[PDB]
Amino acid sequence: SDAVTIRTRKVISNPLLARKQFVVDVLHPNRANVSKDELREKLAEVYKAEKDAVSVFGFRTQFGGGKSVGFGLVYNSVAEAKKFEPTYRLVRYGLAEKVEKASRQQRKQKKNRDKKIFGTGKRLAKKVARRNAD
Amino acid sequence: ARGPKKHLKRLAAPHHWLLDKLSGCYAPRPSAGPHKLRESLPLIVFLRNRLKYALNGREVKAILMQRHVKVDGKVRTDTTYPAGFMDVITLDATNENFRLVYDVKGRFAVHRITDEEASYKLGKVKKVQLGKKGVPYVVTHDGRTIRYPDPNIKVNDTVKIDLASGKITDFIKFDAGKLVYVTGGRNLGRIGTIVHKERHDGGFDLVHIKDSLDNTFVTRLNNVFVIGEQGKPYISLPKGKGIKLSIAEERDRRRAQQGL
Amino acid sequence: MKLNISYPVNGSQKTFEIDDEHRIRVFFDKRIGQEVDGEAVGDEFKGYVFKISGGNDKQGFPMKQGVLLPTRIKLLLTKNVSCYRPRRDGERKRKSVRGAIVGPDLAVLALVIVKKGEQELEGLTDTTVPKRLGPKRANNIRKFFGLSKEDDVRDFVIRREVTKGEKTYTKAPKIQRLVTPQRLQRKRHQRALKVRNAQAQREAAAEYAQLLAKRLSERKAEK
RNA sequence: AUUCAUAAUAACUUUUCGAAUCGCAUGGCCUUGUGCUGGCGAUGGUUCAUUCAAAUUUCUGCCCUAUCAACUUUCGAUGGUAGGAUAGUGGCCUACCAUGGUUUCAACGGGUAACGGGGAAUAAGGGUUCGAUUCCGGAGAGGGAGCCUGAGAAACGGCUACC
RNA sequence: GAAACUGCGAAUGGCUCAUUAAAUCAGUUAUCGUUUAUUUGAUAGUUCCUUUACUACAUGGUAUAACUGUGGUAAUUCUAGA
């Protein structure tokens, strides 16, 4: 509305991870509180790698309303990014899969329900079959 | 008591790492090290905080699996692997070469050196000895002993290394006008190059040390280390040039850095 | 009462029980491996020397060897005797156990059988075991026969084939200690090292005495 | 500075150790023969020097108490002699010998709502009073003992016995 | 790719201050009086000389887990013979 003006600072390209590390300054007059990923899709065009090798977290809204501090991370690789992207940022972006194991209180008791087994336990399971009801 | 301590928190490593206070956590504990105390630093403190290549602790461990780290041609995929003094942390692709020196403000350095000249360290000796079945040897910063050295050099000098192994080349003594260099302490590592020694036979050793400030001071022997012939030095010194420039004109120099 | 009765030759067992008074109690006053008659035990047997092999009681206690006092006693049970499934690394325990000479304490008693003799294969001998884990190391593969060991096995491997991958796997124990490189590569890399480094220390030694003697040529002639 | 590292001599061991372990790769060789060479590692191993640490040890500093005036030994109190163990030092323990240790600068004994320090509160200077608690070190895992495994424990989310 | 063998950790971490007045502890040396898996770096041309048919050095052995069969006790990270 009033030139959101993606401007970039501290543009440091890492050669040993095939990426760039940089701090985004965002001054956005007359319209605030945009998005995670619209600014990436405007940043991923000016850096010419792809659309979705960029990893943002930020848009720390500065006081007043109209200025923010972002922090994106474009990589210089597409599929090799997912080998080293943080997986919580990937499930924020939806390209990867969200894991779903049990919660805390079901898993650690399952460790307690793991030591009581003798071996693979089916020697007991044959014996608790025969006896009961004997 | 009862065993080693496989943790230490922050506030217990000294200022020269420049960590954060309100992380509210345990410090990077150095692993068992070849060279020296926790007044050294592990490599992850050199990367993610001085050189600033990463944020996550998962992240910095993931660089080392790609095999880009290298000291001396040795692999060393240990995360918190300690780093000695003047032991060049060369790299793979990204091609940089960092020598471990001391700047003029307490902590160590972020200093690049060239591709050539990065294939040698510089080695303080601490113990020369004839030992088992007539095999002479020296020791180093890391204690990397070297079979069949230059005979009868002495303890307490510096040693050039050939990096296929030790394969020592040149002895550098201490005389009335050479290079010496502090390593550790309150006034660690600027230059004083020499002015005049003493001994104090029996208890401790002191050395008079004359800066480019052109007064003197005295630091004890275990920080004393020789570089080489005067005005030569084997390592390109970092961009503070070893003065302890005084605070009254530290302030007059830094607004003459900004130009106002 | 009941009797778990086993058998060493090809392999079979089951559990037997007789109700009659000293027909079930000819057993006692001798401890382990002596003798069991045939007529007093169930009428299949007739004078057949049995390695009687320890008993079990109510409260589930075993009977191990370090007894000759016919009660339930308590001792220190470290590594080889009945205990340890599981504990940890010191690890002793304190444990009670029913021991010696049997009688009015028994619940089930363990048996093993030297002489079938004449009658009763059908509960104890009549089938072999389908023995599970065949020989894996290369020599005892051939010691299954005595195959005159220059056979180059991958010949008579212990093949087990079950078609659940619809390929039945045609496979073996993944045999151990085959006479082949690159195991032979490893032993010749031993002498590839031990000639190299041992000589290189000597040609480092032959360099040093040369460099010392030239130093000694001015050292011993210091005028 | 050494009886130091060391070398040498004659013996030495229920002869300690000195690669019968796995991975990727496939090459060269000329005599294509289970011929001869050979890469990059991974584990594990004796010995030296490190390192990570443990253990002893000198040097100073301590709260209140004389209605605490002499504590200490024949169950070592202090020292010597020689040993037994000990990771090694040492009355640590043992036999023999000598009678010694601390003190009116306060030892000894009692108390302590006494963990010890880096600090905190009030504030002219001079200080008074806390600090169980963020950091370092110690002790303990209901109360005193004893022990295995392991490089590291007298462990306690290890064990044995008694209360 | 389970268990289970083997190696390794479990001896750190956290928690409390009851004991504790030259005891611990702050600084401050000492270890010529010692040990140390792990971390590093160097690292073992002799190996038995029963003589040359002891014999595998182109590779010898046991003694076994997990597993399978039937068990016991109401019992516990309890446990048997084959």
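Above this text sits the structure in question.
Student: Break down the protein's contact with RNA strand D for me, with residues and values.
Tutor: Neighbouring RNA strand D are 43 residues, the closest being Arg2 and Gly33 of chain B together with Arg94, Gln185 and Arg188 of chain C. When atoms of RNA strand D within 4 Å of the protein are split into backbone and base, the sugar-phosphate part holds 79%. One of the side-chain N or O atoms of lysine 194 of chain C is found 3.3 Å from a phosphate oxygen in RNA strand D. Among the secondary structure elements, those contributing two or more residues to the surface near RNA strand D are strand 7 (129-130) of chain B together with helix 3 (183-219) of chain C. Residue contributions to the surface near RNA strand D peak at ten residues, all from helix 3 of chain C. Partitioning the surface near RNA strand D into residue classes produces eight nonpolar, twelve polar and 23 charged.

Student: Describe in detail the interface of chain B and chain C, supporting the description with residues and values.
Tutor: At the junction of the two partners, chain B supplies seven residues and chain C supplies seven residues. Counting the surface lost from both chain B and chain C, the interface buries some 560 Å², and carbon and sulfur atoms represent 60% of this. Summed over the three residues of chain B that lose the most area to chain C, namely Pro136, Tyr148 and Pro151 of chain B, the buried surface amounts to 70% of that side. The tally of links between chain B and chain C comes to one salt bridge.

Student: Account for the sheet that holds strand 7 of chain B, naming residues and giving values.
Tutor: All names here are of chain B. Across the sheet, which stays open at both edges, the three strands sit in the order 7-8-9 with antiparallel pairing between neighbours. The open sheet has two edge strands, strand 7 and strand 9 (146-147), and neither has a second partner. Inspection of the sheet shows strand 7 paired to strand 8 (residues 136-138) by two bridges, in the antiparallel sense. Paired with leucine 130 across the strands is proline 136, a residue of strand 8.

Student: Can you break down the environment of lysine 136 of chain C residue by residue, with the values?
Tutor: All names here are of chain C. Tracing the chain through its elements places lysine 136 in the loop between helix 1 (121-124) and helix 2 (138-142). Once the C-alpha coordinates of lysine 136 and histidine 22 are considered, the two residues, 114 residues apart in sequence, prove to be 48 Å apart. Separated by 3.0 Å, the side chain of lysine 136 and the backbone oxygen of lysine 174 make a polar contact.

Student: Outline the interface of chain B and chain A, listing residues and values.
Tutor: In this complex, chain B contributes 13 residues to the contact, which on the side of chain A involves eleven residues. In this assembly, chain B packs against chain A so that about 1,000 Å² is buried in total across both faces, 57% of it on carbon and sulfur atoms. If you sort the residues of chain B by the area they bury against chain A, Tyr53, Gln66 and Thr94 of chain B come out on top, with a joint share of 42%. Summed over the shared surface of chain B and chain A, the number is one salt bridge. Two residues, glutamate 59 of chain B and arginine 19 of chain A, come together in a salt bridge whose shortest N-O distance is 2.5 Å. Put simply, chain B and chain A have three residue pairs in polar contact between them. Looking at the side of chain B that touches chain A residue by residue, the classes come out as six nonpolar, four polar and three charged.

Quick notes on the rules
- Residues numbered from 1 in each chain as written, not as in the entry; some residues may be left out.
- Chains lettered and ligands numbered in written order.
- Part of a larger assembly, values for the part shown.
- Heavy atoms only, no water.
- Residues with missing side-chain atoms left out of burial classes, pairs and counts.
- Near = heavy atom within 4 Å.
- Polar contact = N/O pair within 3.5 Å; in protein donor to acceptor, adjacent residues only side chain to side chain.
- Helix = DSSP H or I, 4+ residues; strand = E, 2+ residues; numbered from the N terminus.
- Nonpolar A, V, L, I, M, F, W, Y, C, P; charged D, E, K, R; others polar.
- Contact = heavy atoms within 4.5 Å.
- Buried area = accessible area lost by both parts, 1.4 Å probe.
- Salt bridge = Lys/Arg side-chain N within 4 Å of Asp/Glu carboxyl O.
- Pairing = 2+ DSSP bridges.

Function cannot be read off these values alone, since they describe shape.
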